[PDB]
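**Student:** Submitted below is the structure of interest, expressed as structure tokens.
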Amino acid sequence: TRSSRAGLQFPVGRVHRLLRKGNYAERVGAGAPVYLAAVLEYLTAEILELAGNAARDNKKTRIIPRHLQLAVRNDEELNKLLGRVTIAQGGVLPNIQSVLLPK
Amino acid sequence: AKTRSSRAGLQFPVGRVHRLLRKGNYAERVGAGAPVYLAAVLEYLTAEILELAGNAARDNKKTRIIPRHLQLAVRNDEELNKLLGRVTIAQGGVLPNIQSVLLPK
Amino acid sequence: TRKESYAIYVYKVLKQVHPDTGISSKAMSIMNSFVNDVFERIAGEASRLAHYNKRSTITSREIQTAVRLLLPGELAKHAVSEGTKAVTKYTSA
Amino acid sequence: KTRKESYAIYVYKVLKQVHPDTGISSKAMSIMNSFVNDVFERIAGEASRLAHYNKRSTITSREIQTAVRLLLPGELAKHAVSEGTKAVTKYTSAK
Amino acid sequence: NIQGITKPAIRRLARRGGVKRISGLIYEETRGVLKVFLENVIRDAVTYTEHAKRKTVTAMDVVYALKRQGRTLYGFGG
Amino acid sequence: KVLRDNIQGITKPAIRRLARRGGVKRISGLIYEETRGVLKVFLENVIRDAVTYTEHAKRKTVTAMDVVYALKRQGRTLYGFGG
Amino acid sequence: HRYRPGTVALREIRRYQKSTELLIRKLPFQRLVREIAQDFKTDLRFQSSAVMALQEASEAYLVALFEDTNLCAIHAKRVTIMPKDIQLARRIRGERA
Amino acid sequence: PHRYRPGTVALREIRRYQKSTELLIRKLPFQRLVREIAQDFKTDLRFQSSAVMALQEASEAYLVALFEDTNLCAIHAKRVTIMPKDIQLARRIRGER
DNA sequence: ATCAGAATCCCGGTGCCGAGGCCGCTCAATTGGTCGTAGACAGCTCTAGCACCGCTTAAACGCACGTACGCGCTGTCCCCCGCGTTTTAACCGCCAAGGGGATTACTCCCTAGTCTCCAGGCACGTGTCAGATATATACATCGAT
DNA sequence: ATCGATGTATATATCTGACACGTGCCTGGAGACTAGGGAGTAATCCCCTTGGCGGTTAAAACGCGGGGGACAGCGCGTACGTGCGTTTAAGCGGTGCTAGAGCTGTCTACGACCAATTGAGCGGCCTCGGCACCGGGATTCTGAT
Ligand SMILES: [Cl-]
Ligand SMILES: [Cl-]
Ligand SMILES: [Mn+2]
Ligand SMILES: [Mn+2]
Ligand SMILES: [Mn+2]
Ligand SMILES: [Mn+2]
Ligand SMILES: [Mn+2]
Ligand SMILES: [Mn+2]
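Going down the list, the sequences are from chains A, B, C, D, E, F, G and H. With the first sequence counted from 1, adding 16 to any position gets you UniProt numbering. With the second sequence counted from 1, adding 14 to any position gets you UniProt numbering. With the third sequence counted from 1, adding 32 to any position gets you UniProt numbering. With the fourth sequence counted from 1, adding 31 to any position gets you UniProt numbering. With the fifth sequence counted from 1, adding 25 to any position gets you UniProt numbering. With the sixth sequence counted from 1, adding 20 to any position gets you UniProt numbering. With the seventh sequence counted from 1, adding 39 to any position gets you UniProt numbering. With the eighth sequence counted from 1, adding 38 to any position gets you UniProt numbering.
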């Protein structure tokens, strides 16, 4: 393969196919499906990281959408990135505005 | 006539719109009516706006459309204004609108 | 070198619509952008439409439905009629 | 019974790489797949304009790179580029 | 039919919204608001269906509509 | 030569004039500094991006087009300068 | 006995932000969706995922909206949200005119 | 002598600056600022004079759009005077950070 | 009520330089003909969606009752506006220098494209446990006192 | 704070459907290998960007005095939250029926690719008339008396 040759888990072939057929440019370099597959791989790790963390924190061995949302919205950098994405079955973070609290 | 524009009975250069659509990686291939359509739609809109800008110019007593005139044109038309709801026109200025509660009674 | 521009067409249409009226360097420039913006906007959204429907080619059907997504009503409607008119006309000649 | 693709299995392999003793649900799996396609388009699309803007016909790792630097927040980009430049050189080792 | 969007349901949403106290006219306001939202999303959605020559609006039309409108949603085939 | 404190070039009258085109009549004193803060987060975005385009185009000169592309990126499309 | 007005309110907030379940029951919603669409095109069918997608998109949106609404209420030294907040919220979002 | 009452010249100036389109920030201070911020990203950068002018055009539009929506926030809290907290609400709602 | 001056609104003259025009040069579109594959259409297939039916069961509802919040009024205190004088540096149009963009010019490397061979990734298969479900207990409250 | 008292969390027993893992076919990827054109790189000119200086003054700064708004206090009236019992249709589990979407194989209409041919459209140059700038005068209205 090339996932191997690049130490990647993410399909370096698939990616090269998609770049070419998905109408981004006339021609497509050899480094790019590798560079990109890696960045996709990097980021899917960062999410799986903190979501997993979250599933531990929230006492479950399996990640459901919530654990993603929790991971994402609690991360300052990831929440930005997905600043315009509604994640199905995510709920919201718990935040109860000060002056609403009892005295 | 030679010009594909004339076959189409248009001002916009259908040849140019065809070149760009190809040197633009929107698809493998391009139909032959798609440039025509698009060149015509582009024409509709530049007309629709130049109509309102020139009127805008006229009231401000002017022979020549300057951006304020395009701006006045755009934000007075509910629809154009929405199409360009995210667009700064250089030298556009803003529409004269002063909130009520700031006016003397 | 050649800097291509819609400056002649924009003029043409202006002269068609307000025959004793000039346009300034900046205004032209502005206009010039507007055409390019709407071009990409349409073009791109047509490009998505081909793609979404496993399809290799952008035909005026695409460009049309692109227009129906992009533009507000009265603008869209007129633009559509306007456009499909020029197709028809172009076929016949 | 059509053969529609996804990233499902690689997500897992990466899941194992980070959290070996942990699992996932179908409902979250689509989210991870949606996530991947979305990120793919945004980077690819940025890359695409980059080429055009520069009157050039090829999307290289360099395009893909700067695209990332426009699409990602300071820190997240930082690592991405790292992991990106790494996987590339490592791949150009082998042949 | 629209008024089938029950007051209690709207109450729940505002609670998940962080909202503590609710005026009466909110409920109706919520409704016009929600209507406007769906209309726009369904107008775009259907357009995709009409263009796919289908009598059945899919998830992907919806998904595509939301993207168009800057309200991207995950978990229905991205 | 070294450049320091330039945000204070955004004098209080100006930050005022803008607010007037903005339809504001009464300006609280603590506004001026906030506006400067905001304008900064603003330019730090358009130029972080403009500059990337400039780095990518392998240039030492930032062009009107790198700016215009940046704005478009951040959904603040600008007409009047090319594009 | 009796709980002091606004204290189950706080309790319900806690409950719903902890849960991810949908809050408008599926069928009124489903019938609302079909109504609105028939207005655009006749004799149509919806994928059950198509309706869920819509529902997720709509709710999440409204919640987001109540959040931002509730902040305007608070901005006006109030504690009750009111149609006039929603209007300012959407105005500033640029949704409404 | 003579003295215009408070808020009288404000209203005048509003009408002034709403008639015109010329930039409100001074040209020179502006440039100095932009060079600074850019230097602190990458040294040894030059600017097309029109590229400064682009950023300025874009900057003012934004702040004037901003003041607009800030001003609405003041008027929401039954005030007439804009305040940092107003600006802040507008940016939370715009979804700026 | 009436009066003054301050600002804006408008007037003509005025001097300048940009838009608009004409002229000639070249590059991007036109023309025409081939060739190859996308898409369209027709013919069959089975999957997803719609429909109607009825049981217990939560959720919707409707009213009741009182409380605490919204809102309108008032008064105080103070900050932010206006103005005038002092102060500072923007703007203008003066020239002078060379870094850098943009245009040019040649060779070759990297990628698109074709083919043939090979397993990585997918539908689909089951058995299995993580976890939805809960009933009784453990706790961490809230309101009354 | 201290009461008893909710309603909430935590628990540990059992039940069941989606997970995760394996079966094996297949279609997308990969290795071989040709072909050329995009773009790298090195050479050359020619814009425009920076820099730097004083003549000029419009804009900024700074202080001063008080007008009128921020906001704090309050005081009334009611528009919501709470919560019992009172009314509906949401949902679930079950089967029935087909429209429509999915897949498959064929033919030709249409679009890329290519070459030779030329005025549409561009820059380069030229001129004067729209309009920006200066300066005078009448119209308005705001605030002082
Ligand atoms: Cl590459
Ligand atoms: Cl076509
Ligand atoms: Mn610095
Ligand atoms: Mn009087
Ligand atoms: Mn040099
Ligand atoms: Mn106590
Ligand atoms: Mn080249
Ligand atoms: Mn049928």
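For each residue, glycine too, the CB sits at the ideal point set by N, CA and C.
Checking contacts by CB at 8 Å: is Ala70 (chain F) closer than that to chain D?
**Tutor:** Looking up residue 70 (chain F) in the sixth sequence gives position 50. By this cut-off, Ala70 (chain F) is not an interface position.
**Student:** Quick one: Cα of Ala111 (chain D) to Cα of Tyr43 (chain D), how far?
**Tutor:** As a first step, residue 111 (chain D) is located in the fourth sequence; it is residue number 80 there, counting from the start. As a first step, residue 43 (chain D) is located in the fourth sequence; it is residue number 12 there, counting from the start. Spanning the two alpha carbons is a distance of roughly 20 Å.
**Student:** By the 10 Å Cβ neighbour count, where 16 or more other Cβ atoms means buried, how is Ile75 (chain G) classified, buried or exposed?
**Tutor:** Translated into the one-based positions of the seventh sequence, residue 75 (chain G) becomes position 36. So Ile75 (chain G) ends up on the buried side.
**Student:** Would the beta-carbon of residue 126 (chain C) be found less than 7 Å away from any heavy atom of ligand 2?
**Tutor:** Limits of chain C in this structure are 33 at one end and 125 at the other, which puts residue 126 (chain C) out of reach.
**Student:** Can you tell me whether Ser92 (chain C) sits near ligand 2, meaning its C-beta is under 7 Å from at least one heavy atom of the ligand?
**Tutor:** Taking the first residue of the third sequence as position 1, residue 92 (chain C) is located at position 60. Yes.
**Student:** Which of the three DSSP states is assigned to residue 4 (chain B) in this structure?
**Tutor:** Residue 4 (chain B) cannot be examined here, being either before or after the span of chain B that is shown, 15 to 119.
**Student:** What are the residues that DSSP puts in a beta bridge with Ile47 (chain E)?
**Tutor:** Mapped onto the fifth sequence, residue 47 (chain E) falls at position 22. Paired residues: G:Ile120.
**Student:** Using a beta-carbon distance cut-off of less than 7 Å, what residues from the region 85-109 of chain G approach chain H?
**Tutor:** From the region 85-109 of chain G, only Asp107 have a Cβ closer than 7 Å to chain H.
**Student:** For my contact list, residue 11 (chain C) and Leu84 (chain B) are in at a C-beta cut-off of 8 Å; report their separation, rounded to the angstrom.
**Tutor:** Residue 11 (chain C) cannot be examined here, being either before or after the span of chain C that is shown, 33 to 125.
**Student:** Per DSSP, which residues does residue 12 (chain D) bridge with? Please list them.
**Tutor:** Chain D is shown from 32 up to 126; residue 12 (chain D) falls before or after that span and cannot be answered.
**Student:** Give the residues of chain B in contact with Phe101 (chain F), contact being defined as C-beta atoms less than 8 Å apart.
**Tutor:** Against the sixth sequence, residue 101 (chain F) aligns to sequence position 81. The contacting residues are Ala104.
**Student:** Less than 7 Å separating the Cβ of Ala48 (chain B) from some heavy atom of ligand 2?
**Tutor:** Within the second sequence, residue 48 (chain B) is the residue found at index 34, counting from 1. Yes; taking the cut-off as 7 Å, the Cβ of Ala48 (chain B) has a heavy atom of ligand 2 nearer than that.
**Student:** So, do the region 31-51 of chain B and the region 52-71 of chain D have three or more beta carbon pairs nearer to each other than 8 Å?
**Tutor:** No, the region 31-51 of chain B does not touch the region 52-71 of chain D.
**Student:** Taking DSSP's pairing of strands, which residues face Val82 (chain F) in a bridge?
**Tutor:** Residue numbering aside, residue 82 (chain F) sits at position 62 when the sixth sequence is read from its first letter. Beta-bridge pairing links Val82 (chain F) to H:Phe85.
**Student:** Please name the residues in the region 89-100 of chain E whose beta-carbon is closer than 7 Å to at least one beta-carbon of chain G, in chain order.
**Tutor:** Cβ contacts with chain G come from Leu91, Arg96 and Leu98.
**Student:** With a cut-off of 8 Å, do at least 3 Cβ pairs link the region 33-40 of chain F to the region 69-82 of chain D?
**Tutor:** As far as the Cβ criterion goes, the region 33-40 of chain F does not touch the region 69-82 of chain D, which means the pair count is below three.
**Student:** State the start and end residues of the unbroken beta strand (DSSP E) segment that holds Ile103 (chain B).
**Tutor:** As a position in the second sequence, residue 103 (chain B) is number 89, starting the count at 1. Run containing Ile103 (chain B): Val101 to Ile103, per the beta strand (DSSP E) assignment.
**Student:** Please confirm whether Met85 (chain F) and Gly102 (chain F) have their CB atoms less than 8 Å apart.
**Tutor:** Start at 1 with the first residue of the sixth sequence, and residue 85 (chain F) comes out as number 65. Start at 1 with the first residue of the sixth sequence, and residue 102 (chain F) comes out as number 82. Taking 8 Å as the Cβ cut-off, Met85 (chain F) and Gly102 (chain F) qualify as a contacting pair.
**Student:** Can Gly45 (chain A) be considered in contact with ligand 1, in the sense that its beta carbon sits closer than 7 Å to one or more heavy atoms?
**Tutor:** By one-based count along the first sequence, residue 45 (chain A) stands at place 29. Yes, the Cβ of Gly45 (chain A) comes within 7 Å of a heavy atom of ligand 1.
**Student:** Could you give the first and the last residue of the continuous beta strand (DSSP E) run that contains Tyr99 (chain F)?
**Tutor:** Stepping through the sixth sequence from its first residue, residue 99 (chain F) is reached at position 79. Unbroken beta strand (DSSP E) run through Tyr99 (chain F): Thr97 to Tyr99.
**Student:** Any heavy atom of ligand 3 closer than 7 Å to the Cβ of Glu51 (chain G)?
**Tutor:** By one-based count along the seventh sequence, residue 51 (chain G) stands at place 12. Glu51 (chain G) Cβ: outside cutoff for every heavy atom of ligand 3.
**Student:** Whether or not the region 103-117 of chain D and the region 99-108 of chain A are in contact is what I'm after, with contact meaning three or more pairs of Cβ atoms, one per stretch, closer than 8 Å; do they touch?
**Tutor:** Touching, no.
**Student:** Under the three-state reduction of DSSP, which class applies to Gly29 (chain B): helix, strand or coil?
**Tutor:** By 1-based counting over the second sequence, the position of residue 29 (chain B) is 15. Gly29 (chain B) falls in the helix class under three-state DSSP.
**Student:** Tell me whether the beta-carbon of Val61 (chain E) lies closer than 8 Å to the beta-carbon of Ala92 (chain G).
**Tutor:** Here residue 61 (chain E) is taken as the residue at index 36 of the fifth sequence, counted from 1. Here residue 92 (chain G) is taken as the residue at index 53 of the seventh sequence, counted from 1. No; because the gap between Cβ atoms is not below 8 Å, this pair is not in contact.
**Student:** For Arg78 (chain B), which residues does DSSP report across the bridge?
**Tutor:** Reading the second sequence from its first residue, position 64 is the one you call residue 78 (chain B). Paired residues: C:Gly54.
**Student:** Cα separation between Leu64 (chain A) and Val55 (chain A)?
**Tutor:** Translated into positions along the first sequence, residue 64 (chain A) becomes position 48. Translated into positions along the first sequence, residue 55 (chain A) becomes position 39. Going from the Cα of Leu64 (chain A) to the Cα of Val55 (chain A) covers about 14 Å.
**Student:** Here's a check: name, in chain order, each residue in its chain whose Cβ is nearer than 6 Å to the Cβ of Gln77 (chain H), leaving out the five neighbours to either side.
**Tutor:** Sequence index remark: in the eighth sequence, residue 77 (chain H) carries index 39 (1-based). If we look at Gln77 (chain H) and ignore the five residues flanking it on each side, it has no Cβ neighbours.
**Student:** Strictly below 8 Å CB to CB, what residues from chain D border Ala84 (chain F)?
**Tutor:** Locating residue 84 (chain F) in the sixth sequence gives position 64, counting from the first residue. Going along chain D, no residue has its Cβ under 8 Å from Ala84 (chain F), so there is no contact; the nearest lies around 13 Å.
**Student:** Please find out if some non-hydrogen atom of ligand 3 comes closer than 7 Å to the beta-carbon of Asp78 (chain H).
**Tutor:** Residue 78 (chain H) sits at position 40 when you count from the first residue of the eighth sequence. Answer for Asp78 (chain H): yes, Cβ within range of ligand 3.
**Student:** The alpha helix (DSSP H) with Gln56 (chain G) in it runs from where to where?
**Tutor:** One-based indexing of the seventh sequence puts residue 56 (chain G) at position 17. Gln56 (chain G) -> alpha helix (DSSP H) spans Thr46 to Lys57.
**Student:** Can you have a look at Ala82 (chain D) and say buried or exposed, based on whether 16 or more other CB atoms are within 10 angstroms of its CB?
**Tutor:** Counted from its first residue, the fourth sequence places residue 82 (chain D) at position 51. With 16 or more Cβ atoms within 10 Å of its Cβ, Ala82 (chain D) is classed as buried.
**Student:** Does the beta-carbon of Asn39 (chain B) have 16 or more other beta-carbons within 10 angstroms, so that it is buried, or is it exposed?
**Tutor:** Start at 1 with the first residue of the second sequence, and residue 39 (chain B) comes out as number 25. Buried, since its Cβ has 16 or more Cβ neighbours within 10 Å.
**Student:** Run down chain E in chain order and give the residues with a C-beta less than 7 Å from the C-beta of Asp52 (chain D).
**Tutor:** The sequence position of residue 52 (chain D) within the fourth sequence is 21, counting from 1. Neighbours of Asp52 (chain D) on chain E: none; closest Cβ ~25 Å, over 7 Å.
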